[PDB]
């Protein structure tokens, strides 16, 4: 019966302050002068844009739309860019991965950005090319909140990414919110290390010893290493492997797989996690000792296995079963919540310790989100067709396909692929 407020959860903003930041960010409502009447006019622009009824009121159908996860770019024009209507004065663009996300290993990401780019390359003359040094046309990067351009992010969900239109400087740059659970669209993605299935992805959920696991577990081991099944039925198929995690083991370097040593001192700074400090490739690395400078031993942390997200438990793994208010639990739940969020206790019983965390959810397919972001980098803007890739709101699609609207959009801008013979 009880729906309680957890000791530590991210404070939901008021329907009002939610509408103000939304209209201000995606509509242009005067940052400080977005009071009742001046917003009513705008509120209706938002409403018109989406299928909503141009009431100009904060009706639920509206705030319900405002609450869904979506892109960072606006839905309205900068009140008409006389000077602008972007284009790439060339059909050969170059991109560069400035930085990554721990959720995915470098190759998956690299590939996603690749596949995202082909989407538009399939229907236009546009040809993409990754470069590893110096300035690129499209500079890809991951960041949180404010990351260096005065268009900050907002925490898990809400804004996911954005990109600038074609041009110089940051023109074309695509930026993804580093506070999202970056996946391929269907839950956490972790690429296994060693074991009998090195390189395969953990398969969630997997069946093991009559139990289902939706994340890497250290069950059955005493070395505390996290493993998982690269297939569903671990009994039938015996494929498994080890989940990345810098506190367990490094990948490369010269430490020979020893785990990162936190904090480790590098020059005038003591890092308590992996960094990219002193690197250009955006590959995190770390000191496998307490003084990198002294003993130059180090390793790389190419990915990270997420046990739990948010909460209080700093990522601490769920504990099954766990007691929550007189009821024992054997899985994640929405018990005590409202929203839809599945959580679990990161200790034996919750009542006694009151330590929890969110269970990783479906996250956002980097491919889809990126494909979209790149649509902008080419010059495209949001479409009202909710089926179009360039639509503001995020929607997962098992098997993607460019919407006619999109194809009509990118081509009116770059023309179709050249008809060879």
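Numbering follows the first chain given and starts at 1.
Colleague: Would you mind comparing 97 to 105 and 337 to 345 for me and telling me which has the higher average C-alpha temperature factor in the entry?
Modeller: The recorded data point to 337 to 345.
Colleague: Hey, which bit's got the bigger mean C-alpha B factor in the entry, 55 to 63 or 362 to 370?
Modeller: Higher of the two, by average CA B-factor, is 55 to 63.
Colleague: Looking at 156, 162, 84, 261, which has the highest Cα B-factor in the entry?
Modeller: Largest recorded C-alpha B-factor: 84.
Colleague: Out of 194, 266, 320, 201, which one has a C-alpha B factor higher than all the others in the entry?
Modeller: Largest recorded C-alpha B-factor: 320.
Colleague: Using the B-factors in the PDB entry, rank residue 350's C-alpha atom against the chain and give the third, lowest, middle or highest.
Modeller: It falls in the top third of the chain.
Colleague: Should residue 274 be placed in the lowest, middle or highest third of its chain by the C-alpha B factor in the entry?
Modeller: Lowest third of the chain for residue 274's C-alpha B-factor.
Colleague: Lowest, middle or highest third: where is residue 286 by Cα B-factor in its chain?
Modeller: Middle third of the chain for residue 286's C-alpha B-factor.
Colleague: Using the B-factors in the PDB entry, rank residue 89's C-alpha atom against the chain and give the third, lowest, middle or highest.
Modeller: Highest third of the chain for residue 89's C-alpha B-factor.
Colleague: For residue 166, does the deposited CA B-factor place it in the lowest, middle or highest third of the chain?
Modeller: According to the entry, residue 166 has a C-alpha B-factor in the chain's middle third.
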